[PDB]
Amino acid sequence: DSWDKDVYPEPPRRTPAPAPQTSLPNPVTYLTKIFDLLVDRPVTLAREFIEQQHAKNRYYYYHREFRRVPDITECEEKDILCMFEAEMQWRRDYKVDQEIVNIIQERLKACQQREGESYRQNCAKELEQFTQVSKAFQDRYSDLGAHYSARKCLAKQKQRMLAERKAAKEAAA
Amino acid sequence: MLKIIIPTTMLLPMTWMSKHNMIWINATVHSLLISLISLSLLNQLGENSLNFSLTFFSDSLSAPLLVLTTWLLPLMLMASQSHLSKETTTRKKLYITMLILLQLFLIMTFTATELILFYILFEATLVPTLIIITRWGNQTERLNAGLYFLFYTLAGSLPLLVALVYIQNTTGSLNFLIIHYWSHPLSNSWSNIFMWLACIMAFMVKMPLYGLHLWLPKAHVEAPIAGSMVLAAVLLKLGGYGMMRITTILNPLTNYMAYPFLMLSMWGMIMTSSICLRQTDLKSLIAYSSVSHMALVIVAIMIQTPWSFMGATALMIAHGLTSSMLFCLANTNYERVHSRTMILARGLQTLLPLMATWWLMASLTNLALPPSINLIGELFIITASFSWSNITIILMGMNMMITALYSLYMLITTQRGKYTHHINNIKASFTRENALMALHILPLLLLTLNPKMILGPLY
Amino acid sequence: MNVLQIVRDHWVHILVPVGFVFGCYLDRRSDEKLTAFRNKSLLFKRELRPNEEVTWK
Amino acid sequence: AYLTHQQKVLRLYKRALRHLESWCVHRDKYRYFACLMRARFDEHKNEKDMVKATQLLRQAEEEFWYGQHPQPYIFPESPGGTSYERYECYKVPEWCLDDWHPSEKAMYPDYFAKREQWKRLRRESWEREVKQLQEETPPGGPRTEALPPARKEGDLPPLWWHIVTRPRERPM
Amino acid sequence: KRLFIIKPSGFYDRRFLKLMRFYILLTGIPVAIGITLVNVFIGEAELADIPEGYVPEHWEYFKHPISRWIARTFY
Amino acid sequence: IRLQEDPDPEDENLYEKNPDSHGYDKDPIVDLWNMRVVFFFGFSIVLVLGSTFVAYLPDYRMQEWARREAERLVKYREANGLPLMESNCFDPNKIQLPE
Amino acid sequence: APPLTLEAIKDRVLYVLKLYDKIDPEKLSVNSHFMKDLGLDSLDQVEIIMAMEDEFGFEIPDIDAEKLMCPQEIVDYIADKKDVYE
Amino acid sequence: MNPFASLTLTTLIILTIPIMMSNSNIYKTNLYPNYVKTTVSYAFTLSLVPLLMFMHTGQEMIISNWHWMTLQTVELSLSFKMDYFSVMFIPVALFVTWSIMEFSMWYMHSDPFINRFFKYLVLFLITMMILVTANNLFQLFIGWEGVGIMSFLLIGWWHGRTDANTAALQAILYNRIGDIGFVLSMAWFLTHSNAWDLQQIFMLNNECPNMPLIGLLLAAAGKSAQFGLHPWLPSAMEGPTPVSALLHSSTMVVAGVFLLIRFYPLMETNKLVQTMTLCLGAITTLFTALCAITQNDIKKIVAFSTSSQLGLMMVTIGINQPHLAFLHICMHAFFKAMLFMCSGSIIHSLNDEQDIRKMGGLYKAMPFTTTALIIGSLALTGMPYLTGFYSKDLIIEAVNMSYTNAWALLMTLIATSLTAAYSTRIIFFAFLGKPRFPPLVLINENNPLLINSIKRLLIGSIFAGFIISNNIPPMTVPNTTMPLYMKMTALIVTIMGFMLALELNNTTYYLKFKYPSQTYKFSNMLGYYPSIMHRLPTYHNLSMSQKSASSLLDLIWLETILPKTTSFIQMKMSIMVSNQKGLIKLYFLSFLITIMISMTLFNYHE
Amino acid sequence: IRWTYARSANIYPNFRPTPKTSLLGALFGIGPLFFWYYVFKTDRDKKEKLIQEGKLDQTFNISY
Ligand SMILES: CCCCCCCCCCCCCCCCCC(=O)O[C@@H](COC(=O)CCCCCCCCCCCCCCC)COP(=O)(O)OC[C@H](O)CO
């Protein structure tokens, strides 16, 4: 197709062998056969003519990379230039992590429909995967406000190990 | 900008020196053309706001408003050109001068980069509007209405001016960028409390908020149609644009202080829509309808969550195009019957068949069916408000239930009924009216396909 | 075809698009004033093209 | 105006009979109970005292009001009826035709020409109706809601335009 | 026994409806043809790796050719 | 009399003079040009051509790029056996917590 | 269905009155005023219009009903109400 | 990925073609209704195909397509979900809407806007189709509001009828109260589960959705016209007969019950809310049926009979029987739609007479229409091996063999017996008796369109109960071993209901004088519901709007506190500071004080 | 026309401040506003105190 199974795991199909014991013909074979010979075949014929027409004049496009830049943890206070470079990179990291959750949601939705009735247990691995994504995404970006910024993200982050330091020190006793 | 501001300014000498009768033609030509040019700014980059010069910049919030204002400019021209065709050439030229000037301030305000520059032009919009409502108004209460509109806006704006210059002396520059990247924690203190109140009240009055809203039923109803749109379709959102920008610094004091405003808007929006349930003037019906929608924007801003800001801009743009439409609708009847009472002209679908259809989609857009942009805005706020508090869905939905009754109420009272016997001057709708109405609703339904353009700066 | 009349009533039409040209011109008259850090952001810092004078105008 | 007693009792008979229609249903039951209703009305017909007549009415109106069918049968072409103003939404006033485009005006030359004759006839007779009114106004303004007819020849009845040219009850 | 049908004049409304069908489609079909013609003759681009020396100047980082053309000029 | 003013003259039936009247002004010829300009410079080029421009704009607020940046990050992270996205936002090793 | 026409109404009009046993068949002039010659009680005409009310499927309001007193009148009012114009 | 994906999706695209074709006016204005009907017929026959692979392969589809917006971490986009409930509902809905569209030609053969009316019907069908075929909750809301507004126009189709707008206003009013819970579930399913697609919601396993399901239930009550929100269905009879026969019989009011069917897997986890569903269905069944029997208009009787049916369906949903409800959906869809244009045929023939009193003598006067009525009435009862049996008494047997809410079980048994009760009233007064209509009889059902429309649906009531039950895969828990006595109570209560209702109806034949029972009064004016409901809170809310709200608070108080008081304050001393008497002595004396107070008294020196 | 005047303009000039109007202004006005303030503030205090301790869990709630 146009992707890889490692990003969208679709377990290999399991199709049965249709062997109708009853002598009366199966109609569903007939409407499928006429559909191929009346609709599907002209569609394929037009598509291949379209594909070769595209192949004659091939113009290419590439993908834009953004080289890693210093983030806001090493950004000097009131350094407006490093403020901008850090803020833009963090928001770009925000967009990709939003898409990371987007991918996991698609896999989970595929987990439901593909299993149908057996959605509960067949791909609970999808459920725990989304559990790890959503929980970590909660402490990573959630509750940052409509004016979220890399300074705010550190502020929320700093609250975690500060609370964690108190807990573990209490735990060590 | 310079690429939109300069053509806008250059329309001013063009209309003044235009031909005697070609004023309406040429002004409509290029105002549509300038709107086409402003479609270029609908694109926004990844996260950094589109910056052109030091004084002018755009983001994924200003540009959706910029196109709305410049697209509006042709609409006021055709709507007003009905009655304005019966006065002196200079008087008509003076009007087109004033709409062009009024639009000019709106374009420059929305792309202002310095908060002081924002405030100067934000308040400067009063002068073109104030003269519109007063000089060319068609009633007697306009004289009191103009004073109410001017004084309410100014009484709130003046504390902002004192507050704004205070930020300049203390923090430094007030550029919308340097403010964002140098946000400092506004700690809870009585001086900060009034700092918060001053920077907020100015934009609240122009929303308007429940209680600081009595200027709207006077200003909007008495204003001429070329004005009756802008006081409801763009410059109410101008107060909205002020809120979403000024709240960059007002954290975290906003959540502690937002409670009086939330309760006033969240409870008052039920009362305001209750006024619409029993009204006598069609213009007042839509006017109070605007208050309910803007009140929903008022609460939306203050949670300061990604979903709320999106639904804020979505409703903000959609309501403006909607509320502008209904004012065109009330204008058509008000010209034919020369009165604003609802029950006077009951029965229009019998006589005007397509006018009912335009009224149907107009009242439907206010009804906010899915996937209309009104619904895509209100629904987003409901989810954001519900996450803030579960109880608010009782109030949020109650308006959604209440807004159905009145939004279809003028549909029943005016269109769906026996035609009034005594009235005999109803004429087949001019192709200007129908063309204008299509210019309102066609972009709205077309916008439904791609809400990303108008979804705000957080998509 | 009585060109005087055309330039009497339609000389006003050209007045706007030249303003738009002026608007574009001033935008490209101003942007180079904001040059400062041109190809200086380390994200977009890249070795200049060989037979090309400079990066983004 | 003042509804006299003999009219009001007739209104009771008409309405009460229509109410037992919703009760009796079957025709033979109707004709029986109607005759008892009819004669029970006629048995008390020599009351020289008009006060006693209202005293007889003092229990009849409450008798109707509690014996009334909660879903009385009313013909659809009437208030409460299922077909009340059902075809009203096509009653386009005739004066709207004056706004038709000439292409549509020329589509029906005969009817439009006759419409002109009626319009010319209405124009001529309007002032004739006008002076007819003040020629026979009652001293002190119009006393009754009624409307006097055309007394002389060649005069249309006063205030005839809307009544005569009203849309048909079945316009479609 | 057929008779007249007094109805509101819809000719001007018919004019308005017909005109959009003539005006909104005057540039409607040519762009609709242009959108389809572009997608089938010049076609849609395909993903390719970054060349050794060629940086993708501005408009290159886009799939659709007409979308690339808008990126070429304008922005 | 009190005041000497002409009363409300009338509401001029714009359809009466030209039966095909357009509702823009009195003079027919310029009024005929008035739809020819509002329709042409309206629906045609700012509604149809306007829609195609905005609807087919170069991708706004890059998402399919961000959608692109997802697969190689997750593919790299899941293949070598590392949690696909860390709980901490910014690197915590260089954080110097107070005391 | 063809519209209810004037000749159709009147033929249906004296259809009901002659079907009334209180009226002799012979004395049935189309303009025979109910009180004058037939001499039926003032309650009776109120009960005959109900049969006419059911006959044509309509309503005769009491305001007009009490004045309606001729077979010509009954066909007149019904014809005028249901736009009968031959 | 068979043709089952593409071919089932194009069914909607075939349906929406007439809507686009209408504005171009290429259609011949004479034969537009024929254009609509054969278009739906083509879609119907095209919609048969999704069935054949459903029984054969047992496969279901989820068709997602063009992305709407990548809003944060949710992917709101157009998407369709073919499944057991979907792939068969469209063939039933298309078959029903095809039959009525054929019938609508004969009935509405005089409405001047007939092209507009058929345009509205197709638009409703499109909105209903996307309602039954929706993957995200937002898309479900598109239909959930599309059918509601489409009902509003179609109910007020006759336009000028003053009370029709009230019912049209009533229909949207009760719907909006239903949508209260819909938007509540929307917000909850987006906040606590970060989605609106049904796939994610089920995977996330929100095992305790107390408030969502409560909001989910409230959505059904407004749309399915349950108790507390029923009366808009009886008032919807003010619309034309085909209008209610399509929308308010088997294709629009079904939305409410259908919503729970979509969220059935999440239904079983909760126990409190599901009891409320069977509780709400129980009261809805009786009260609608209790008001059904004592009504004297044919349209009202069928309306209350419908609302009694949907009350029964939610009773099934209560005790973990969602799919059996969908079986009840299809079986109820066939015959109930039939009964409406059987009533429509007699109503039009009897010069628009709908009052059940001015009827009678139609069994031999209208043979086919009477024949269809008996078939439809018997389906309401559930005669064995007929369409009614394959759903209804299976539920009654199912509800008996369950841990029900005692008092909830009894009401349905009283209700199902009550179903026969008003059924006799329809057959008794309208057909079995002596004629009572106006003298000029215009009875005629010989029109081919009327015969063909009823004939097509009538064979669907003799059959298709056995056909569907056998064809659908066996996937419900079978109640095999019950004690005999309650196994056939459904036949007992109907026969018992048949016997006494006939005797009481025939009691009217007895010349005995009638006494108005106060219990009969309570039933006849719809449980006193409309006059308290539709008069008291409407007055109170509107009263609060005028004396308060608009007046008092606004226009008096809010204008006299901030704006006018400041004007008065600025004014009271304005009269003062501008009334200097002009005497030089007073001016210079004020100078003395101003000099004196400033120099030393204010300590301005230091 | 008189009715529109009576409902729109001839109200405040004919308004007379009395304890009945004054009390109704407070009861129908500031009253419910504080009522909703108390209800919402208590819920926010309830919610805020609960997730601080760790009572409510939003392991899957991310968008807000
Ligand atoms: C028409 C009535 C008002 C309508 C509503 C307006 C908005 C409500 C708030 C009103 C006050 C607005 C003025 C705010 C000025 C700038 C606020 C600001 O930035 O905060 C300062 C705080 O502002 C103030 O102190 C002044 C504002 C508080 C209110 C007192 C003056 C305004 C009220 C009276 C005049 C207006 C009322 C109308 C009178 C006719 C911080 O400075 P500081 O106090 O910390 O100074 C440093 C140090 O601590 C000591 O100075």
# chains A, B, ... in the order shown; residues from 1 in each chain; ligands from 1
$ interface_residues --of "chain F" --to "chain A" --cutoff "10 Å" --atoms "only C-alpha atoms" --output "ChimeraX atom specification"
/F:61-76,78-79,83-92,94-99
$ residues_near_ligand --ligand "ligand 1" --cutoff "7 Å" --atoms "only C-alpha atoms and all ligand atoms" --output "list in words"
residues 155, 156, 159, 162, 163, 166, 167, 191, 192, 194, 195, 197, 198 and 201 of chain B
$ write_last_selection --atoms "N, CA and C atoms" --output "PDB file, in the first residue's frame"
ATOM      1  N   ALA B 155     -16.189  54.553  28.748  1.00  0.00           N
ATOM      2  CA  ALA B 155     -16.030  54.439  30.194  1.00  0.00           C
ATOM      3  C   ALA B 155     -15.240  53.196  30.579  1.00  0.00           C
ATOM      4  N   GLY B 156     -15.317  52.138  29.771  1.00  0.00           N
ATOM      5  CA  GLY B 156     -14.508  50.963  30.040  1.00  0.00           C
ATOM      6  C   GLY B 156     -13.125  51.052  29.423  1.00  0.00           C
ATOM      7  N   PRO B 159      -9.999  53.108  31.600  1.00  0.00           N
ATOM      8  CA  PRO B 159      -9.133  52.356  32.524  1.00  0.00           C
ATOM      9  C   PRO B 159      -8.112  51.492  31.811  1.00  0.00           C
ATOM     10  N   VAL B 162      -5.038  53.647  31.010  1.00  0.00           N
ATOM     11  CA  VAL B 162      -4.190  53.818  32.185  1.00  0.00           C
ATOM     12  C   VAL B 162      -3.486  52.512  32.524  1.00  0.00           C
ATOM     13  N   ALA B 163      -4.211  51.395  32.449  1.00  0.00           N
ATOM     14  CA  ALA B 163      -3.598  50.100  32.721  1.00  0.00           C
ATOM     15  C   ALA B 163      -2.528  49.768  31.690  1.00  0.00           C
ATOM     16  N   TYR B 166       0.670  51.537  32.164  1.00  0.00           N
ATOM     17  CA  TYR B 166       1.324  51.032  33.367  1.00  0.00           C
ATOM     18  C   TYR B 166       2.209  49.836  33.044  1.00  0.00           C
ATOM     19  N   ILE B 167       1.735  48.945  32.171  1.00  0.00           N
ATOM     20  CA  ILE B 167       2.561  47.822  31.739  1.00  0.00           C
ATOM     21  C   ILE B 167       3.800  48.331  31.018  1.00  0.00           C
ATOM     22  N   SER B 191      -3.644  45.366  44.333  1.00  0.00           N
ATOM     23  CA  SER B 191      -3.232  46.160  43.180  1.00  0.00           C
ATOM     24  C   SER B 191      -3.337  45.349  41.895  1.00  0.00           C
ATOM     25  N   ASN B 192      -2.907  44.086  41.934  1.00  0.00           N
ATOM     26  CA  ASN B 192      -3.059  43.218  40.772  1.00  0.00           C
ATOM     27  C   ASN B 192      -4.524  42.928  40.480  1.00  0.00           C
ATOM     28  N   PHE B 194      -7.101  45.024  40.760  1.00  0.00           N
ATOM     29  CA  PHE B 194      -7.614  46.125  39.953  1.00  0.00           C
ATOM     30  C   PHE B 194      -6.887  46.223  38.620  1.00  0.00           C
ATOM     31  N   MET B 195      -5.614  45.825  38.585  1.00  0.00           N
ATOM     32  CA  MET B 195      -4.922  45.644  37.314  1.00  0.00           C
ATOM     33  C   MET B 195      -5.684  44.677  36.420  1.00  0.00           C
ATOM     34  N   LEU B 197      -8.897  43.890  36.715  1.00  0.00           N
ATOM     35  CA  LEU B 197     -10.220  44.426  36.407  1.00  0.00           C
ATOM     36  C   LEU B 197     -10.154  45.476  35.304  1.00  0.00           C
ATOM     37  N   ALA B 198      -9.122  46.323  35.325  1.00  0.00           N
ATOM     38  CA  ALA B 198      -9.015  47.384  34.330  1.00  0.00           C
ATOM     39  C   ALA B 198      -8.741  46.823  32.940  1.00  0.00           C
ATOM     40  N   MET B 201     -12.296  44.944  31.871  1.00  0.00           N
ATOM     41  CA  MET B 201     -13.585  45.621  31.758  1.00  0.00           C
ATOM     42  C   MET B 201     -13.757  46.287  30.399  1.00  0.00           C
TER      43      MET B 201
END
$ interface_residues --of "chain H" --to "chain B" --cutoff "6 Å" --atoms "only C-alpha atoms" --output "JSON, numbers by chain"
{"H": [142, 159, 160, 176, 180, 187, 545, 549, 550]}
$ interface_residues --of "chain G" --to "chain D" --cutoff "7 Å" --atoms "only C-alpha atoms" --output "PyMOL selection string"
chain G and resi 43+46-47+57-59+62+82-83
$ residues_around --residues "stretch 41-44 of chain C" --least-positions-apart "3" --cutoff "8 Å" --atoms "only C-alpha atoms" --output "list in words"
residues 66, 67, 68, 69 and 85 of chain A; 37 and 38 of chain C
$ residues_around --residues "stretch 13-19 of chain F" --least-positions-apart "2" --cutoff "8 Å" --atoms "only C-alpha atoms" --output "list in words"
residues 101 and 102 of chain D; 11, 21, 22, 23, 25, 26 and 28 of chain F
$ closest_atom_pairs --of "chain B" --to "chain C" --cutoff "9 Å" --atoms "only C-alpha atoms" --output "Markdown table"
| residue | atom | partner | partner_atom | distance |
| --- | --- | --- | --- | --- |
| B:1 | CA | C:23 | CA | 7.6 |
| B:2 | CA | C:23 | CA | 4.7 |
| B:3 | CA | C:23 | CA | 3.9 |
| B:4 | CA | C:23 | CA | 7.0 |
| B:5 | CA | C:23 | CA | 7.6 |
| B:6 | CA | C:23 | CA | 5.6 |
| B:7 | CA | C:19 | CA | 5.0 |
| B:8 | CA | C:16 | CA | 8.2 |
| B:9 | CA | C:19 | CA | 8.6 |
| B:10 | CA | C:16 | CA | 5.9 |
| B:11 | CA | C:16 | CA | 6.4 |
| B:13 | CA | C:15 | CA | 8.8 |
| B:14 | CA | C:12 | CA | 5.7 |
| B:15 | CA | C:12 | CA | 8.1 |
| B:17 | CA | C:12 | CA | 7.3 |
| B:18 | CA | C:12 | CA | 6.0 |
| B:19 | CA | C:9 | CA | 5.5 |
| B:20 | CA | C:9 | CA | 8.9 |
| B:22 | CA | C:9 | CA | 8.1 |
| B:26 | CA | C:13 | CA | 6.9 |
| B:29 | CA | C:13 | CA | 8.8 |
| B:30 | CA | C:16 | CA | 7.1 |
| B:34 | CA | C:20 | CA | 8.7 |
| B:37 | CA | C:20 | CA | 8.9 |
| B:52 | CA | C:31 | CA | 7.3 |
| B:53 | CA | C:31 | CA | 7.1 |
| B:54 | CA | C:34 | CA | 8.5 |
$ write_last_selection --atoms "N, CA and C atoms" --output "CSV table (one decimal), in the first residue's frame"
chain,number,residue,atom,x,y,z
B,1,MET,N,0.9,43.5,5.7
B,1,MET,CA,-0.3,44.1,5.4
B,1,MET,C,-0.2,45.2,4.3
B,2,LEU,N,0.4,46.3,4.6
B,2,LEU,CA,0.6,47.4,3.7
B,2,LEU,C,-0.1,47.0,2.4
B,3,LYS,N,-0.2,45.6,2.1
B,3,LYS,CA,-0.8,45.2,0.9
B,3,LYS,C,-2.3,45.1,0.9
B,4,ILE,N,-2.9,45.3,2.1
B,4,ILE,CA,-4.3,45.5,2.2
B,4,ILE,C,-4.7,46.8,2.7
B,5,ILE,N,-3.9,47.4,3.7
B,5,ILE,CA,-4.2,48.7,4.3
B,5,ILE,C,-4.1,49.8,3.2
B,6,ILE,N,-3.1,49.8,2.4
B,6,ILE,CA,-2.9,50.8,1.4
B,6,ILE,C,-4.1,50.7,0.3
B,7,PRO,N,-4.4,49.6,-0.2
B,7,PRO,CA,-5.6,49.6,-1.1
B,7,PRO,C,-6.9,50.0,-0.4
B,8,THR,N,-7.0,49.7,0.9
B,8,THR,CA,-8.2,50.2,1.6
B,8,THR,C,-8.2,51.7,1.7
B,9,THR,N,-7.0,52.3,2.1
B,9,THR,CA,-7.0,53.8,2.1
B,9,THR,C,-7.2,54.4,0.8
B,10,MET,N,-6.7,53.7,-0.3
B,10,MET,CA,-6.7,54.3,-1.6
B,10,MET,C,-8.2,54.3,-2.2
B,11,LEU,N,-9.1,53.5,-1.6
B,11,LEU,CA,-10.5,53.5,-1.9
B,11,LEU,C,-11.1,54.9,-1.5
B,13,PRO,N,-9.9,58.2,-1.7
B,13,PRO,CA,-10.0,59.2,-2.8
B,13,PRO,C,-10.7,58.7,-4.0
B,14,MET,N,-10.6,57.4,-4.2
B,14,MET,CA,-11.3,56.9,-5.4
B,14,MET,C,-12.8,57.1,-5.3
B,15,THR,N,-13.5,56.8,-4.2
B,15,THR,CA,-14.9,57.0,-4.1
B,15,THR,C,-15.3,58.5,-4.1
B,17,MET,N,-13.7,61.0,-5.7
B,17,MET,CA,-13.5,61.6,-7.1
B,17,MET,C,-14.2,60.7,-8.1
B,18,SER,N,-14.9,59.6,-7.7
B,18,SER,CA,-15.6,58.8,-8.7
B,18,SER,C,-16.7,59.5,-9.4
B,19,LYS,N,-17.2,58.8,-10.4
B,19,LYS,CA,-18.3,59.4,-11.2
B,19,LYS,C,-19.5,59.7,-10.4
B,20,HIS,N,-20.4,60.5,-10.9
B,20,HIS,CA,-21.6,60.9,-10.1
B,20,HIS,C,-22.4,59.7,-9.7
B,22,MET,N,-21.6,56.3,-10.6
B,22,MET,CA,-20.8,55.1,-10.6
B,22,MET,C,-20.2,54.9,-9.2
B,26,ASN,N,-18.2,51.3,-8.6
B,26,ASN,CA,-16.8,51.1,-8.4
B,26,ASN,C,-16.4,50.7,-7.0
B,29,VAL,N,-16.9,47.2,-6.7
B,29,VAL,CA,-15.9,46.4,-7.5
B,29,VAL,C,-14.7,46.1,-6.7
B,30,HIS,N,-14.0,47.1,-6.2
B,30,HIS,CA,-12.7,47.0,-5.6
B,30,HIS,C,-12.8,46.5,-4.2
B,34,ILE,N,-10.6,43.8,-3.0
B,34,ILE,CA,-9.7,43.9,-1.8
B,34,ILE,C,-9.9,42.7,-0.9
B,37,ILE,N,-8.0,39.9,-2.2
B,37,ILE,CA,-6.6,40.0,-1.8
B,37,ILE,C,-6.4,39.5,-0.4
B,52,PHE,N,4.9,40.7,9.2
B,52,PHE,CA,5.3,41.4,8.1
B,52,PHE,C,6.2,42.6,8.4
B,53,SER,N,5.8,43.4,9.3
B,53,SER,CA,6.6,44.6,9.8
B,53,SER,C,6.6,44.6,11.3
B,54,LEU,N,7.3,45.6,11.9
B,54,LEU,CA,7.3,45.8,13.3
B,54,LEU,C,5.9,46.2,13.8
$ select_by_dssp --residues "chain C" --states "alpha helix (DSSP H)" --output "list in words"
residues 3, 4, 5, 6, 7, 8, 9, 15, 16, 17, 18, 19, 20, 21, 22, 23, 24, 25, 26, 27, 28, 29 and 30 of chain C
$ interface_residues --of "chain E" --to "chain G" --cutoff "12 Å" --atoms "only C-alpha atoms" --output "PDB file with C-alpha atoms, in the first residue's frame"
ATOM      1  CA  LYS E   1     -63.701  24.304 -15.886  1.00  0.00           C
ATOM      2  CA  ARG E   2     -60.046  25.108 -15.229  1.00  0.00           C
ATOM      3  CA  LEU E   3     -59.541  28.569 -13.754  1.00  0.00           C
TER       4      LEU E   3
END
$ interface_residues --of "chain F" --to "chain E" --cutoff "10 Å" --atoms "only C-alpha atoms" --output "list in words"
residues 19, 20, 21, 22, 35, 36, 39, 40, 41, 42, 43, 44, 45, 47, 48, 49, 52, 53, 55, 56, 57, 58, 59 and 65 of chain F
$ residues_around --residues "residue I:8" --least-positions-apart "2" --cutoff "10 Å" --atoms "only C-alpha atoms" --output "list in words"
residues 279, 280 and 281 of chain B; 550, 551 and 555 of chain H; 2, 3, 4, 5, 6, 10, 11 and 12 of chain I
$ closest_atom_pairs --of "chain A" --to "chain B" --cutoff "8 Å" --atoms "only C-alpha atoms" --output "Markdown table"
| residue | atom | partner | partner_atom | distance |
| --- | --- | --- | --- | --- |
| A:78 | CA | B:182 | CA | 7.2 |
| A:80 | CA | B:181 | CA | 7.4 |
| A:83 | CA | B:181 | CA | 6.8 |
| A:84 | CA | B:181 | CA | 7.7 |
| A:88 | CA | B:47 | CA | 6.6 |
| A:91 | CA | B:47 | CA | 6.9 |
| A:92 | CA | B:47 | CA | 7.7 |
| A:143 | CA | B:305 | CA | 8.0 |
| A:145 | CA | B:305 | CA | 5.0 |
| A:146 | CA | B:305 | CA | 4.4 |
| A:147 | CA | B:248 | CA | 6.5 |
$ write_last_selection --atoms "N, CA, C and O atoms" --output "CSV table (one decimal), in the first residue's frame"
chain,number,residue,atom,x,y,z
A,78,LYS,N,15.4,35.8,29.8
A,78,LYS,CA,15.3,37.1,29.1
A,78,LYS,C,16.1,37.1,27.8
A,78,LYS,O,16.3,38.2,27.2
A,80,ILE,N,15.8,36.7,24.4
A,80,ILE,CA,14.6,36.7,23.5
A,80,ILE,C,14.9,35.8,22.3
A,80,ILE,O,13.9,35.1,21.9
A,83,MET,N,14.8,32.3,23.4
A,83,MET,CA,13.4,32.1,23.7
A,83,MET,C,12.6,31.7,22.5
A,83,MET,O,11.8,30.7,22.6
A,84,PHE,N,12.8,32.3,21.4
A,84,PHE,CA,12.0,32.0,20.2
A,84,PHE,C,12.4,30.6,19.6
A,84,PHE,O,11.5,29.8,19.3
A,88,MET,N,9.6,27.7,19.5
A,88,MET,CA,9.2,27.1,18.3
A,88,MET,C,9.4,25.6,18.2
A,88,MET,O,8.6,24.8,17.7
A,91,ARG,N,6.9,23.7,20.5
A,91,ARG,CA,5.6,23.6,19.8
A,91,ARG,C,5.6,22.7,18.6
A,91,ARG,O,4.6,22.0,18.4
A,92,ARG,N,6.8,22.6,17.9
A,92,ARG,CA,6.9,21.6,16.9
A,92,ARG,C,6.9,20.2,17.5
A,92,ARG,O,6.4,19.2,17.0
A,143,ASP,N,-3.2,20.4,30.9
A,143,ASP,CA,-3.4,21.4,31.8
A,143,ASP,C,-2.3,22.6,31.7
A,143,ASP,O,-1.9,23.2,32.7
A,145,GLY,N,-2.9,25.3,29.7
A,145,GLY,CA,-3.6,26.5,29.4
A,145,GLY,C,-3.6,26.9,27.9
A,145,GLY,O,-2.8,26.3,27.1
A,146,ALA,N,-4.5,27.7,27.5
A,146,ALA,CA,-4.7,28.2,26.1
A,146,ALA,C,-3.5,29.0,25.6
A,146,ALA,O,-3.3,29.2,24.4
A,147,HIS,N,-2.6,29.4,26.5
A,147,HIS,CA,-1.4,30.1,26.1
A,147,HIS,C,-0.1,29.3,26.5
A,147,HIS,O,0.8,29.9,27.1
$ interface_residues --of "chain I" --to "chain A" --cutoff "12 Å" --atoms "only C-alpha atoms" --output "JSON, numbers by chain"
{"I": [57, 58, 59, 60, 61, 62, 63, 64]}
$ interface_residues --of "chain D" --to "chain F" --cutoff "12 Å" --atoms "only C-alpha atoms" --output "ChimeraX atom specification"
/D:98-105
